[PDB]
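Engineer: Structure below; questions to follow.
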Amino acid sequence: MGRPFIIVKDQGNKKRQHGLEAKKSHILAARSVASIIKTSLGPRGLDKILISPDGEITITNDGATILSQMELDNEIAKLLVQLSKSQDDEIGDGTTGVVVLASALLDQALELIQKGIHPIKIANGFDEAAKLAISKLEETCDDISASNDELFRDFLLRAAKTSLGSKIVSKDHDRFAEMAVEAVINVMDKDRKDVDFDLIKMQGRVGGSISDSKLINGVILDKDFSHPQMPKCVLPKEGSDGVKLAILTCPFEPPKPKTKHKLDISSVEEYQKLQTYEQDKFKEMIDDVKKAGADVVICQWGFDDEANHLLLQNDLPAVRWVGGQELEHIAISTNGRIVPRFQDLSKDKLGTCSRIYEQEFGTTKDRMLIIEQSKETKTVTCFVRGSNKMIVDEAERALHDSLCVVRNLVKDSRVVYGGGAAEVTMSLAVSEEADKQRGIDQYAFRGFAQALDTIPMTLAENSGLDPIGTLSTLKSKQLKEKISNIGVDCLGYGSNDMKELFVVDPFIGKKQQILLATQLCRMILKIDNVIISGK
Amino acid sequence: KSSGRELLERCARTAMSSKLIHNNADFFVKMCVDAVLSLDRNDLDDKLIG
């Protein structure tokens, strides 16, 4: 055997991590990630500035976006990035509490590794302890589906005001909660209800103030009209309040085949015949709209210079250069069908709009199309304003997370009381079963119960309360009294009851917090050999 | 003269060891066992189970 020793390619950049110090490095590294967002949990939480390599900055406290678009090195914290993305995609809320709980499971398991217990035996006790915590909270979980639609409307307000308290939108929770709830009510079926988030759109605008944000049912388009001199507001005349909105994927252009073609013209005779040909096409295109009674016509490609004024003399507004995706969302709210060709134009495919006016913003040059419906329609659109470009984007993610909490109550009406009440209720259930079974799994159960206590102690630490006096008070009322409504109060009211404070959280959101955290740390404890290649 | 369905269940739980399924094997084994029964006994394909 000579000096060169080579088996795996690139042995210099690839390093091998092993031993007891390997588990100590990856567990303590994941704690530093949760320690950053530890102060961001709850309504007292604080935001985080994110700087992109291109220079764009974003300020958000949401753990999903914080871990996103961030440069990382260690692969353990990169799993936490995908952890918050998993919580954000399906549920849409609770991305901060999952990473904190995931690091709490590793910190409690770190002391158990040094005691001589196999890492898998530590993780095997977490799966059995997580099932006992879910079964305990499910028994005390109240079902609000027994009420009518009148009391159900106020139930969605309790779930919306809780998630909006940790954002900049928390300034007024009452006024901005109606925008999220009423937007969902329009798409609800009243029976076997599905949210169908696709019908809900969110369009932000940078300017003004956040108090000017209002819920408008319709489609928001930033494309100005084809001609400047047409009237800004469009109103129906006499009966038939519908404006007969027509959506045509084919603009006004000289007819030509898609394939390459060559038109041969012979001298003067055929040259003059084609002159009248196109002149009769513009007269044919305008007669089809007047026959069906359509008014506003939108299309993908801009109209010709001759077609712009042709629609003005007939009092027929038009909008050009509209995206393909924007064409489909308009026909749904108007109960219309997109007209594929000029020969298929009919009154049955025409849309309906209550009022359409041309919006203008300050000294800048832009025109925003606003479609309104005097009656309940199929789609809704969120209109958000703000004094800063980042406040607008932050209000988008704040309102998006609010819509994700409301949709969780549509599929599953079962809800729980958060704010430290749910974590302590599920924590004491594991401690009671640890002393009964005893054995070698009693240490894995106590580590899971103490890890659940990190969430209520975090809410009390950021709010200034003493974590020692807060945790001891919760366990006294939870063990003596069967009422689980007692929880951590971050705002400092004279009562610790979460029911009187109108704090309601979905059960599917709090259930995935333990599920995603327990399943992730089980694989982390199974990681021994770590091969990292330098880039 | 035992049942053919219970034969594939005990053999599937063995391969679930050393993986993350060992704790969750209750629900997951009942899936893959029903996956091979849908395929024809004469022709078994790994692309259809993708």
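Following the order of the structure tokens, chains are lettered A, B, ..., residues in each are numbered from 1, and ligands are numbered from 1.
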Using only C-alpha atoms, find each residue of chain B with at least one atom at most 12 Å away from an atom of chain A; report its shortest atom-to-atom pair and that distance in Å (one decimal), sort the rows by chain and rising residue number, and return the result as CSV.
Structural biologist:
residue,atom,partner,partner_atom,distance
B:17,CA,A:120,CA,11.7
B:18,CA,A:526,CA,9.5
B:19,CA,A:523,CA,9.1
B:20,CA,A:523,CA,7.2
B:21,CA,A:519,CA,10.3
B:22,CA,A:124,CA,9.0
B:23,CA,A:124,CA,6.9
B:24,CA,A:127,CA,8.5
B:25,CA,A:127,CA,11.9
Engineer: Quick one: write out the picked residues with N, CA, C and O atoms as a PDB file, in the first residue's frame?
Structural biologist:
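Wrote it out as result32.pdb, contents follow:
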ATOM      1  N   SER B  17     -38.749  -2.981   8.616  1.00  0.00           N
ATOM      2  CA  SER B  17     -37.780  -2.722   9.667  1.00  0.00           C
ATOM      3  C   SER B  17     -36.638  -1.853   9.145  1.00  0.00           C
ATOM      4  O   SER B  17     -36.416  -1.732   7.936  1.00  0.00           O
ATOM      5  N   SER B  18     -35.931  -1.220  10.085  1.00  0.00           N
ATOM      6  CA  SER B  18     -34.781  -0.355   9.818  1.00  0.00           C
ATOM      7  C   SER B  18     -35.185   0.924   9.094  1.00  0.00           C
ATOM      8  O   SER B  18     -34.347   1.802   8.865  1.00  0.00           O
ATOM      9  N   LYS B  19     -36.458   1.041   8.730  1.00  0.00           N
ATOM     10  CA  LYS B  19     -36.978   2.218   8.058  1.00  0.00           C
ATOM     11  C   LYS B  19     -37.797   3.055   9.037  1.00  0.00           C
ATOM     12  O   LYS B  19     -37.937   2.726  10.217  1.00  0.00           O
ATOM     13  N   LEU B  20     -38.349   4.160   8.532  1.00  0.00           N
ATOM     14  CA  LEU B  20     -39.228   5.007   9.325  1.00  0.00           C
ATOM     15  C   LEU B  20     -40.628   4.427   9.473  1.00  0.00           C
ATOM     16  O   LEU B  20     -41.431   4.972  10.240  1.00  0.00           O
ATOM     17  N   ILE B  21     -40.935   3.341   8.762  1.00  0.00           N
ATOM     18  CA  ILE B  21     -42.275   2.769   8.787  1.00  0.00           C
ATOM     19  C   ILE B  21     -42.486   1.852   9.990  1.00  0.00           C
ATOM     20  O   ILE B  21     -43.636   1.575  10.353  1.00  0.00           O
ATOM     21  N   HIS B  22     -41.404   1.417  10.645  1.00  0.00           N
ATOM     22  CA  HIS B  22     -41.497   0.403  11.695  1.00  0.00           C
ATOM     23  C   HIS B  22     -42.547   0.750  12.746  1.00  0.00           C
ATOM     24  O   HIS B  22     -43.279  -0.129  13.216  1.00  0.00           O
ATOM     25  N   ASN B  23     -42.639   2.025  13.128  1.00  0.00           N
ATOM     26  CA  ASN B  23     -43.655   2.430  14.092  1.00  0.00           C
ATOM     27  C   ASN B  23     -45.024   2.578  13.438  1.00  0.00           C
ATOM     28  O   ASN B  23     -46.048   2.253  14.051  1.00  0.00           O
ATOM     29  N   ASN B  24     -45.061   3.064  12.199  1.00  0.00           N
ATOM     30  CA  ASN B  24     -46.299   3.305  11.471  1.00  0.00           C
ATOM     31  C   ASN B  24     -46.717   2.128  10.596  1.00  0.00           C
ATOM     32  O   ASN B  24     -47.669   2.260   9.820  1.00  0.00           O
ATOM     33  N   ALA B  25     -46.020   0.992  10.693  1.00  0.00           N
ATOM     34  CA  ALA B  25     -46.278  -0.145   9.812  1.00  0.00           C
ATOM     35  C   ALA B  25     -47.710  -0.663   9.903  1.00  0.00           C
ATOM     36  O   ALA B  25     -48.134  -1.418   9.022  1.00  0.00           O
TER      37      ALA B  25
END
Engineer: Do a neighbour search on residue 153 of chain A at 10 Å with only C-alpha atoms, toss out local chain neighbours closer than 6 positions, and write the hits as a ChimeraX atom specification.
Structural biologist: /A:178,181-182,185
Engineer: I'd like the neighbourhood of residue 36 of chain B as a list in words, where a residue qualifies if any of its atoms comes within 12 Å (using only C-alpha atoms), though same-chain residues fewer than 2 positions away should be ignored.
Structural biologist: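 That gives residues 5, 8, 9, 12, 29, 30, 31, 32, 33, 34, 38, 39, 40, 41, 42, 43, 44, 45, 46, 48 and 49 of chain B.
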Engineer: Name all residues at most 9 Å from residue 317 of chain A (count only C-alpha atoms; drop same-chain ones fewer than 6 positions away) and give them as a list in words.
Structural biologist: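 Using only C-alpha atoms, the neighbours found are residues 225, 226, 227, 230, 231, 234, 295, 296, 297 and 311 of chain A.
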Engineer: Mind listing the helix (DSSP H, G or I) residues of segment 134-343 of chain A, per DSSP on the backbone, as JSON, numbers by chain?
Structural biologist: {"A": [134, 135, 136, 137, 138, 139, 149, 150, 151, 152, 153, 154, 155, 156, 157, 158, 159, 160, 161, 162, 163, 164, 165, 166, 168, 169, 170, 171, 173, 174, 175, 176, 177, 178, 179, 180, 181, 182, 183, 184, 185, 197, 198, 199, 210, 211, 212, 267, 268, 269, 270, 271, 272, 273, 274, 275, 276, 277, 278, 279, 280, 281, 282, 283, 284, 285, 286, 287, 288, 289, 290, 291, 292, 305, 306, 307, 308, 309, 310, 311, 312, 313, 324, 325, 326, 327, 328, 329, 330, 331, 332, 333, 342, 343]}
Engineer: Emit the selected residues as a short mmCIF file (atom, residue, chain, number, x, y, z; two decimals), in the first residue's frame, including C-alpha atoms.
Structural biologist:
data_model
loop_
_atom_site.label_atom_id
_atom_site.label_comp_id
_atom_site.auth_asym_id
_atom_site.auth_seq_id
_atom_site.Cartn_x
_atom_site.Cartn_y
_atom_site.Cartn_z
CA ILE A 134 -53.95 13.55 20.06
CA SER A 135 -56.50 11.14 21.53
CA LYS A 136 -56.67 13.23 24.71
CA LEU A 137 -57.22 16.54 22.91
CA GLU A 138 -59.78 14.97 20.57
CA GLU A 139 -61.95 13.88 23.51
CA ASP A 149 -75.10 29.61 10.04
CA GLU A 150 -75.70 32.66 12.26
CA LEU A 151 -73.49 31.45 15.11
CA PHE A 152 -71.04 29.87 12.64
CA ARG A 153 -70.23 33.30 11.18
CA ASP A 154 -68.98 34.54 14.56
CA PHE A 155 -67.00 31.31 15.00
CA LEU A 156 -64.86 32.14 11.95
CA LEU A 157 -64.12 35.56 13.46
CA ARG A 158 -62.60 33.97 16.56
CA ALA A 159 -60.22 31.93 14.39
CA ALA A 160 -59.27 34.86 12.16
CA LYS A 161 -58.53 37.40 14.91
CA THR A 162 -56.08 35.01 16.59
CA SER A 163 -53.79 34.52 13.58
CA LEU A 164 -53.88 38.22 12.64
CA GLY A 165 -52.54 39.32 16.04
CA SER A 166 -48.95 38.30 15.28
CA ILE A 168 -48.68 44.15 11.29
CA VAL A 169 -52.39 43.76 10.46
CA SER A 170 -52.99 43.43 14.23
CA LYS A 171 -53.65 47.19 14.46
CA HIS A 173 -58.44 43.01 14.22
CA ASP A 174 -62.18 43.75 14.05
CA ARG A 175 -62.37 45.62 10.74
CA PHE A 176 -59.95 43.38 8.81
CA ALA A 177 -61.44 40.08 10.01
CA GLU A 178 -64.65 40.63 8.02
CA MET A 179 -62.67 40.78 4.76
CA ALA A 180 -61.35 37.24 5.25
CA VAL A 181 -64.60 35.69 6.50
CA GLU A 182 -67.03 37.32 4.06
CA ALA A 183 -64.78 36.41 1.13
CA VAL A 184 -65.09 32.72 2.07
CA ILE A 185 -68.85 32.82 2.73
CA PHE A 197 -59.40 28.50 -2.56
CA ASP A 198 -58.88 28.75 -6.34
CA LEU A 199 -61.90 31.06 -6.59
CA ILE A 210 -54.02 49.99 5.05
CA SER A 211 -57.31 51.38 6.40
CA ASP A 212 -58.46 52.01 2.81
CA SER A 267 -51.70 43.13 -61.31
CA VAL A 268 -54.35 45.74 -60.51
CA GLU A 269 -57.52 43.63 -60.68
CA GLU A 270 -56.83 41.31 -57.74
CA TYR A 271 -55.07 44.14 -55.88
CA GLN A 272 -58.27 46.21 -55.78
CA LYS A 273 -60.47 43.24 -54.84
CA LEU A 274 -58.51 42.58 -51.64
CA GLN A 275 -58.85 46.25 -50.65
CA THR A 276 -62.62 45.92 -50.21
CA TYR A 277 -62.08 42.50 -48.58
CA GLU A 278 -60.47 43.80 -45.39
CA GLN A 279 -62.68 46.91 -45.33
CA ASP A 280 -65.67 44.56 -45.10
CA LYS A 281 -64.04 42.60 -42.26
CA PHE A 282 -64.06 45.54 -39.83
CA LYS A 283 -67.72 46.10 -40.71
CA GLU A 284 -68.36 42.39 -40.14
CA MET A 285 -66.58 42.36 -36.77
CA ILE A 286 -68.52 45.37 -35.49
CA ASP A 287 -71.91 44.01 -36.60
CA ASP A 288 -71.42 40.81 -34.58
CA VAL A 289 -70.98 42.79 -31.35
CA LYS A 290 -73.96 45.04 -32.07
CA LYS A 291 -76.12 42.03 -32.96
CA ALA A 292 -75.44 40.27 -29.64
CA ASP A 305 -55.03 51.17 -34.96
CA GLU A 306 -58.13 51.04 -37.18
CA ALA A 307 -59.98 48.80 -34.70
CA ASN A 308 -59.39 51.12 -31.72
CA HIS A 309 -61.60 53.98 -32.91
CA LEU A 310 -64.05 51.63 -34.66
CA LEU A 311 -65.27 50.56 -31.21
CA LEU A 312 -65.38 54.16 -29.95
CA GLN A 313 -67.98 55.45 -32.43
CA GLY A 324 -54.48 34.40 -20.69
CA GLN A 325 -54.94 33.53 -17.02
CA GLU A 326 -56.84 36.77 -16.39
CA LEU A 327 -59.36 35.93 -19.12
CA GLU A 328 -60.58 32.78 -17.37
CA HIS A 329 -61.13 34.35 -13.94
CA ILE A 330 -63.43 37.04 -15.39
CA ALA A 331 -65.91 34.66 -17.05
CA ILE A 332 -66.57 32.89 -13.73
CA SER A 333 -67.72 35.96 -11.80
CA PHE A 342 -66.55 35.61 -34.07
CA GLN A 343 -69.11 33.18 -35.52
#
Engineer: Taking only C-alpha atoms into account, which of A:116, A:42, A:218, A:456 comes nearest residue 369 of chain A?
Structural biologist: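 When distances to residue 369 of chain A are compared using only C-alpha atoms, the smallest one comes from A:218.
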Engineer: Write down as a CSV table (one decimal) with N, CA and C atoms, in the first residue's frame the residues of segment 60-228 of chain A whose backbone DSSP state falls under strand (DSSP E or B).
Structural biologist:
chain,number,residue,atom,x,y,z
A,142,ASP,N,-64.3,20.5,21.2
A,142,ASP,CA,-65.7,20.8,21.0
A,142,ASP,C,-66.0,20.9,19.5
A,143,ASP,N,-67.3,20.5,19.1
A,143,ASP,CA,-67.8,20.5,17.8
A,143,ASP,C,-68.8,21.7,17.6
A,200,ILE,N,-60.7,32.2,-4.8
A,200,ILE,CA,-60.3,33.4,-4.0
A,200,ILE,C,-59.0,33.9,-4.6
A,201,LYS,N,-59.0,35.2,-5.0
A,201,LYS,CA,-57.8,35.8,-5.5
A,201,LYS,C,-57.3,37.0,-4.6
A,202,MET,N,-56.0,37.3,-4.6
A,202,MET,CA,-55.4,38.3,-3.8
A,202,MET,C,-54.5,39.2,-4.7
A,203,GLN,N,-54.9,40.5,-4.8
A,203,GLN,CA,-54.2,41.4,-5.6
A,203,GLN,C,-53.8,42.6,-4.7
A,204,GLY,N,-52.5,42.8,-4.5
A,204,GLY,CA,-52.1,43.9,-3.7
A,204,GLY,C,-51.7,45.2,-4.5
A,207,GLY,N,-49.6,51.7,-2.0
A,207,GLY,CA,-50.0,53.1,-1.9
A,207,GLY,C,-51.0,53.3,-0.8
A,216,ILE,N,-63.8,43.7,-2.4
A,216,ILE,CA,-64.5,44.0,-3.6
A,216,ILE,C,-64.7,42.6,-4.4
A,220,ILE,N,-59.6,42.3,-10.7
A,220,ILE,CA,-58.8,43.5,-10.7
A,220,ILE,C,-57.8,43.3,-11.9
A,221,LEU,N,-57.8,44.3,-12.8
A,221,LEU,CA,-56.9,44.3,-13.9
A,221,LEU,C,-56.2,45.6,-14.0
A,225,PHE,N,-57.6,51.0,-20.7
A,225,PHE,CA,-58.4,50.8,-21.9
A,225,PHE,C,-57.6,51.1,-23.2
Engineer: How many Å lie between atom CA of residue 454 of chain A and atom CA of residue 130 of chain A, rounded to one decimal?
Structural biologist: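 According to the coordinates, atom CA of residue 454 of chain A and atom CA of residue 130 of chain A are separated by 15.7 Å.
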Engineer: Excluding segment 6-9 of chain A and its own-chain neighbours fewer than 5 positions away, which residues fall within 12 Å of it when counting only C-alpha atoms? Please give them as a PDB file with N, CA, C and O atoms, in the first residue's frame.
Structural biologist:
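Written out: out36.pdb:
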ATOM      1  N   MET A   1       0.825  -1.202   0.000  1.00  0.00           N
ATOM      2  CA  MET A   1       0.000   0.000   0.000  1.00  0.00           C
ATOM      3  C   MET A   1       0.863   1.258   0.000  1.00  0.00           C
ATOM      4  O   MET A   1       1.630   1.495   0.933  1.00  0.00           O
ATOM      5  N   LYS A  14     -15.128  16.066   0.820  1.00  0.00           N
ATOM      6  CA  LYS A  14     -16.089  15.249   1.549  1.00  0.00           C
ATOM      7  C   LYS A  14     -15.544  14.944   2.939  1.00  0.00           C
ATOM      8  O   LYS A  14     -14.455  14.374   3.074  1.00  0.00           O
ATOM      9  N   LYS A  15     -16.297  15.326   3.965  1.00  0.00           N
ATOM     10  CA  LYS A  15     -15.927  15.090   5.352  1.00  0.00           C
ATOM     11  C   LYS A  15     -16.921  14.130   5.991  1.00  0.00           C
ATOM     12  O   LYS A  15     -18.099  14.098   5.626  1.00  0.00           O
ATOM     13  N   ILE A 531     -21.917  12.825   5.397  1.00  0.00           N
ATOM     14  CA  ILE A 531     -20.954  13.098   4.338  1.00  0.00           C
ATOM     15  C   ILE A 531     -21.370  14.398   3.666  1.00  0.00           C
ATOM     16  O   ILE A 531     -22.411  14.458   2.999  1.00  0.00           O
ATOM     17  N   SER A 533     -20.024  17.306   1.058  1.00  0.00           N
ATOM     18  CA  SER A 533     -19.036  17.659   0.048  1.00  0.00           C
ATOM     19  C   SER A 533     -18.955  19.174  -0.087  1.00  0.00           C
ATOM     20  O   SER A 533     -19.983  19.849  -0.204  1.00  0.00           O
TER      21      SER A 533
END
Engineer: Please provide the set of residues having any atom within 9 Å of residue 350 of chain A, restricted to only C-alpha atoms, with same-chain residues fewer than 6 positions apart removed, written as a list in words.
Structural biologist: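 What passes the distance filter is residues 242, 243, 244, 245, 246, 247, 292, 293, 294, 331, 334, 335, 336, 337, 338 and 339 of chain A.
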